[PDB]
Q: 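Here it is, the structure, as C-alpha cells.
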Amino acid sequence: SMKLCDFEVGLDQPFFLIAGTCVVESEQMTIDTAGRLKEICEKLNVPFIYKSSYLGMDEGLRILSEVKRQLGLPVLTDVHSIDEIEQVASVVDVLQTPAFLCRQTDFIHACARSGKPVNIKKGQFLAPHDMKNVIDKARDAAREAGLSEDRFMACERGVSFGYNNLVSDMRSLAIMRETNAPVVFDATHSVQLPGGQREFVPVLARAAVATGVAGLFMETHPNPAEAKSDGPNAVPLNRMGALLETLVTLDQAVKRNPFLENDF
Amino acid sequence: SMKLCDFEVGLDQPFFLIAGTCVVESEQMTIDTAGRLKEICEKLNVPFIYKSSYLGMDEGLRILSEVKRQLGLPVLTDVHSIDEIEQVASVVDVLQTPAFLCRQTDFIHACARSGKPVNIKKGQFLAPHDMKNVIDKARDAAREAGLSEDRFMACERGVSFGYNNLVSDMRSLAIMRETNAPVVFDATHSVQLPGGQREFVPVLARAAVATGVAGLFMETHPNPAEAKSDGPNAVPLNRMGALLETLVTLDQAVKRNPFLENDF
Amino acid sequence: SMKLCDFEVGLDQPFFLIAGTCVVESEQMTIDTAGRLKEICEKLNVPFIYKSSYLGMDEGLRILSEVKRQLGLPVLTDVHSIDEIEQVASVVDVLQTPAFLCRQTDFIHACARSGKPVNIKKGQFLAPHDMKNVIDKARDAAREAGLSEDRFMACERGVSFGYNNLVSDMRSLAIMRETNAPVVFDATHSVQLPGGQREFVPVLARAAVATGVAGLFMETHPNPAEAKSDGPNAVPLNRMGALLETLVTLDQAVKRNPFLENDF
Amino acid sequence: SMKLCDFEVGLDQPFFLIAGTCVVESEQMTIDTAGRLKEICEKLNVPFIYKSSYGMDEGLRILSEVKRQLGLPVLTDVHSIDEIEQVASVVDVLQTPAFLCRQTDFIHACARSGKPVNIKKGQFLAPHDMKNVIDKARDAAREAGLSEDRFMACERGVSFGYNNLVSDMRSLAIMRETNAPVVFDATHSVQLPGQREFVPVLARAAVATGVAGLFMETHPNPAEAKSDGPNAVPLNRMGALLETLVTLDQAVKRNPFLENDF
Ligand SMILES: [Cl-]
Ligand SMILES: [Cl-]
Ligand SMILES: [Cl-]
Ligand SMILES: [Cl-]
C-alpha cells in the first residue's frame with residue numbers, strides 16, 4: 001500500500017474514488033457536489049478525493065481551497081505546464097498530469113519534484129508496458145530531489161482504436177502492476193470518442209474494479225444536461241450512490257482472495 | 001430468458017459455463033475432465049455445457065456422445081463446414097460457428113436450420129453493432145424451417161487490434177444485448193495473439209462477468225503443459241473452482257439490481 | 001455436502017429453499033404458486049423444492065405429481081403414519097416427518113427405509129443435542145436396508161417456551177451440526193403461537209441464515225388473507241423475492257469464511 | 001437516530017460496538033486492549049465505546065486514562081444510587097444491571113445523571129415491558145431538565161427453565177417500540193446462570209435481526225482473564241468477527257426491514 005493523503009491505497013486495499021464536476025463551475029456547485037459526494041462515500045466507507053479542473057486558475061484554485069477547508073476533503077487537479085506546478089502544489093493534495101504530456105520528461109520531472117503525489121495519466125499512444133519507464137523516470141526525479149518514490153499512480157484512460165475511438169484494454173490494468181504503483185482507472189475519459197457515451201461509464205467501471213484497481217476516477221454532475229463542460233459523459237449525482245455500492249461489492253469480491261493471474 | 005439444454009439462460013439468469021479441453025485428446029482425458037468440471041459446477045450451482053473440438057471427426061463425436069451418455073452432460077462443439085452440420089447436429093446439443101465464417105450466410109443459415117441451438121462467434125473483423133444483422137439472418141432461416149427463433153447466442157471472442165493482437169472491448173458485451181440473444185464471452189480466445197497469455201484469462205473473465213453476460217467459455221486442462229492444443233492459454237483444472245467461485249460472486253453482484261447503463 | 005434432488009446441500013453450500021402453500025388448495029393454486037417460486041429462485045440461484053401438505057391424500061398427491069410433471073420441480077410432503085409411506089414415497093422426492101412424531105422410532109424408521117430422503121422435524125419438546133440420536137437411529141435403518149446414510153436433514157421448528165409460545169434458540173442451529181446432517185430452519189412454524197405472527201418470519205429467517213444453515217422452509221401464498229390454512233403466518237408471494245434477496249446476501253457473508261465458532 | 005458520544009446511533013445507522021475486558025485488571029491490560037480495539041474498529045468504521053467493570057476509585061481512574069490517552073468514550077455499570085454521581089463524572093455512558101430494571105428510584109437516578117444510560121432488560125421481563133421502563137426513565141429525565149433521547153434498551157437473555165437463558169430474536173424487533181436504540185449483549189446472553197462458541201453465533205443472528213449496537217467482552221488471552229474468561233472472545237479474532245458483522249449489518253439495513261410491511 002502507498003500512503004495517499006490520510007489513507008492507504010493499493011491493489012491490496014479498498015479502492016478509492018476521485019470524483020467531481022468536470023470544470024469548476026461556481027462555488028456553490030463545487031461545494032454542494034463535494035459535500036454530497038462526501039456523504040455518499042462516507043456511508044459506503046469509500047476513501048474519496050475531490051477533483052475539478054480550473055473562472056480562471058486563481059479563482060478555481062481558491063474554490064478548491066474551500067472544498068478542502070470546509071469539507072476536510074483532499075483535492076486533486078490537473079496541471080498543464082511547468083510554470084503552473086508551484087502554485088497548484090501549494091493548494092491541492094494530488095497533482096494529475098494530462099495524458100498527452102506523459103512523455104514530456106522535463107514536465108513529468110517537475111511534477112515529480114513538486115513535493116506532492118502525482119496521478120500520471122497514460123497517453124492514448126502508449127502501450128501498458130511503457131508506463132514502467134514513465135513511472136521510473138518520475139521516481140528518479142523524486143529521488144534526486146530527496147523525496148520518497150512511493151508517490152505516483154498510473155492512470156488508465158483508454159488507448160487509440162482506429163480513428164475517433166478509444167478502447168479500454170483490461171489487460172493494461174494487470175500489466176501496469178509491474179510499475180509497483182497503484183493503478184487508477186479513469187472511467188469517464190475511457191468512453192470518450194476523440195476529435196454522449198454515458199451508458200458505457202458504468203460498464204467500464206464495473207469491468208475495471210472487477211479486474212482489480214487501486215482507484216477509480218469518475219466525473220459527475222447534479223443535472224448533466226445543464227453542465228458547463230463534458231456533460232454527456234458525466235454520471236448523474238443521484239445515481240453515484242447505487243453505482244458505488246455495486247463497485248464496492250465487486251472490489252471486495254476480487255480482493256478477498258489473491259488474484260488468480262498471480263498464480264500464473 | 002432463453003431455454004438452453006435443460007436450463008434458462010440470459011442476462012437475468014445466473015451465468016452458464018461452456019468449458020473443456022481444446023480438442024478431444026482421448027476418451028479418458030475427456031470423460032475425466034468433463035466429470036471433474038461437472039462436480040465443480042454442481043457444487044457452485046453453475047449450469048454447465050462441455051466443449052471440445054473434433055483423432056478425426058467420427059472419433060471426436062463418438063467420444064462427445066460418451067460424455068453425454070456416461071455423465072448426462074450437454075455438449076457443444078464447433079462445426080467447420082456446411083458438409084459436417086448434419087452429422088455434428090445429430091450428436092451434440094449446441095453448435096458453434098467459427099468466428100471467420102460469421103458473414104458466410106449459407107453456412108450460418110445451415111447451422112440455424114440444423115434443429116439445434118447455435119453459439120455464433122463474432123468475427124474479429126466485425127463491429128459489435130454488426131452482430132444484430134447476423135442474428136437476424138440466423139433467425140430468418142430458423143423461422144423458415146418451423147423452428148423457434150430464440151435458439152441463438154452472440155459470442156464475443158475479441159476484435160483485431162493492430163497486428164498479432166486482439167482487444168476485448170467490454171462495450172461490445174453491452175452493445176450486443178441489442179441482438180435480444182444471450183451474450184457469451186469467450187475468455188480463452190479473447191487473449192490469444194493471432195498468427196502464453198494464460199495470465200489474462202482470469203482478468204478478462206472477471207471483467208466480462210462484471211460487465212454482465214449470459215455465459216462464459218473457457219478452455220481448461222488437468223496439466224496444460226502437456227495439452228495437445230492451445231495449452232499455453234488453458235486454465236488449469238485445479239484452479240477452475242477458485243475462479244468460478246469468484247465469478248459467481250461477481251455475476252450475482254451485477255445482476256442483483258438493474259444494470260445502471262439501462263437508465264441511460 | 002449431501003446430494004438432494006438435483007443439487008448439493010450442506011452447511012458449506014448456498015442455502016436451499018423448501019416452500020409452497022401450507023395445504024394443497026387446488027391444482028391451479030399449487031401449479032401457479034410453484035411456477036412463481038420456480039422463476040424467483042432460478043433468478044437468485046437458490047436451489048428449490050416445492051412443498052404442500054395433503055382435498056384428501058390421493059388428490060393431494062395427484063396434484064403434487066402434477067407439479068413434477070408440469071414444472072419438473074422436486075416436491076416434498078409430510079407423511080403422518082407408517083401405512084401412508086409407501087404411497088407418498090412413490091410420488092414425492094423428499095419425505096418430511098411431523099415434529100410430534102420425532103421420537104416414534106417405528107415411524108421414523110419406516111420413513112428412513114422408504115428409499116427417499118427425509119427432512120426430520122425436531123419436536124418442540126426436544127433439546128438440540130437430542131436430534132443426534134434421532135438421526136443416528138434413522139441412519140441405522142437406512143444402512144440395514146442397504147441405503148446411503150447421508151439422506152437426512154435435521155429441521156428446527158421452535159422449542160416450547162412457557163404456554164402458547166415457541167422460541168427459536170439460534171444455538172440449536174449450531175449444536176445440530178453435530179448430527180453431521182444438513183440443518184434446515186422452519187421460519188414459518190417457529191413464529192407460531194401454539195393452541196398473525198407474520199412480522200417475525202423475516203426476523204427469524206434473517207437470524208437463522210446469518211447463524212448458518214443448509215436450508216430454509218417457508219410457507220407462502222398469493223394472498224394469505226384468503227389462505228385455506230395458516231394464512232396469518234404465510235409470507236406473501238410478492239414479497240418472497242425481496243426476502244430471498246436479503247437472505248442470499250446474508251448466506252454468502254457468513255459462508256465466505258469459516259464460522260468463528262469452529263475455532264471454539 | 002440518537003446522539004451518543006461523538007456519533008449517531010440507531011436502527012437506521014451503522015451498528016456500534018461496546019467492548020472491553022470483563023473487569024479492570026490493570027492499567028496496562030486496559031490501555032493495551034482498548035488501543036487494539038480502537039485500531040480494529042477504526043479500520044472497519046465501527047463506532048466504538050470501551051467498557052470495563054470496577055476497586056471503584058482505581059477502576060474509574062484507569063477508565064479516565066483510556067479517555068485521556070486514546071480519546072475513546074467509556075461505559076461502565078453502576079450498582080447503587082450512591083455510586084451514580086462519581087461514575088457519571090468520569091464515564092460517557094452509564095449501564096444498569098439487569099436485575100435492577102424495575103428498581104425505579106435507581107433507574108430515575110441514572111436518568112437524572114446527565115449521561116446517557118444503556119438499560120439492561122431483566123431476565124424476568126417480557127420484551128414489551130421495556131417500553132414502560134424507558135418511558136419512566138424519560139419522565140425522570142424531562143422532570144429534571146434533560147433531553148429524553150438518551151436511553152438504550154439492552155437485550156441480555158431471558159430465563160429458559162433453570163440455569164439457562166435463551167436469546168429471543170423477536171425481542172430485538174419488539175423493543176423498537178421503545179423508540180430507543182436496541183443493544184444486544186452477546187456475551188451475557190450465552191451465560192448459564194464455557195459457552196464462548198455461541199457468542200459469534202448469537203452476534204451474527206442479532207446483527208442480521210437488526211440492532212443499533214452490540215456488546216461483546218474480549219481478552220488478549222481469555223484463559224488468563226480475571227473474570228468470565230470462558231465467555232470472552234479472544235482479541236485476535238475480533239477483527240474477523242467484526243468484519244463479518246459489518247457485512248451483515250450493511251446487508252440488512254441497505255433496504256427497509258421486511259417486517260415493517262407486516
Ligand atoms: Cl464504439
Ligand atoms: Cl499485449
Ligand atoms: Cl411473544
Ligand atoms: Cl443449552
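Residue numbers begin at 1 in each chain, while the letters A, B, ... track the order of the sequences.
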Q: Sort C/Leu247 into side chain, backbone, both or neither according to what part of it lies under 4.5 angstrom from a heavy atom of chain D.
A: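 No part of C/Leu247 comes within 4.5 Å of chain D.
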
Q: Non-hydrogen atoms of chain C under 4.5 Å away: do they reach the side chain of D/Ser167, the backbone, both or neither?
A: backbone

Q: Report, as yes or no, whether the 6.0 Å neighbourhood of atom NZ on D/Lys253 holds more than 12 heavy atoms from other residues, nucleotides or ligands.
A: yes

Q: What part of D/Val207 is in contact with chain C, defined as an atom under 4.5 angstrom from a non-hydrogen atom: side chain, backbone, both or neither?
A: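 Contact with chain C: none, neither part.
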
Q: Compare every heavy atom of D/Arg254 with every heavy atom of C/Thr249, then report the nearest pair and how far apart it is.
A: CG2-NH1, 3.8 Å

Q: What closest approach, in Å, do D/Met169 and C/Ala207 show between heavy atoms, and which atom pair accounts for it?
A: CG-CB, 3.9 Å

Q: Would you mind checking which part of C/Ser190 comes under 4.5 Å of any heavy atom in chain D, side chain (CB onward), backbone (N, CA, C, O), both or neither?
A: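 Interface part for C/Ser190: neither.
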
Q: Under a 4.5 Å heavy-atom cutoff, which of D/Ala173, D/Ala206, D/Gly210, D/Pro200 has the most pairs with chain C?
A: D/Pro200

Q: Is C/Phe100 atom CZ crowded by more than 12 heavy atoms from other residues, nucleotides or ligands, each under 6.0 Å away?
A: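 Open.
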
Q: Of all the heavy-atom pairs spanning D/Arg204 and C/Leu260, show the shortest one and how long it is.
A: NH1-N, 4.2 Å

Q: Between D/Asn260, D/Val158, D/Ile174, D/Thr209, which shows the greatest number of heavy-atom pairs under 4.5 Å with chain C?
A: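 Among D/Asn260, D/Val158, D/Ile174, D/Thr209, the one with the most close pairs to chain C is D/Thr209.
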
Q: Between D/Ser159 and chain C, which part of the residue has a heavy atom less than 4.5 Å away: side chain, backbone, both or neither?
A: backbone

Q: Between C/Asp263, C/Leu250, C/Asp169, which has the largest tally of heavy atom pairs under 4.5 Å with chain D?
A: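 Between C/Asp263, C/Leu250, C/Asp169, the count favours C/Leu250.
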
Q: Select one option (side chain, backbone, both, neither) describing which atoms of D/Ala240 are under 4.5 Å from chain C's heavy atoms.
A: neither

Q: Find the one option among D/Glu243, D/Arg170, D/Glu197 whose heavy-atom pairs under 4.5 Å with chain C are most numerous.
A: D/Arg170

Q: Report the option among D/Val252, D/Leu172, D/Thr244, D/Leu241 that has the most heavy-atom pairs separated by less than 4.5 Å from atoms of chain C.
A: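 Most pairs with chain C among the choices: D/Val252.
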
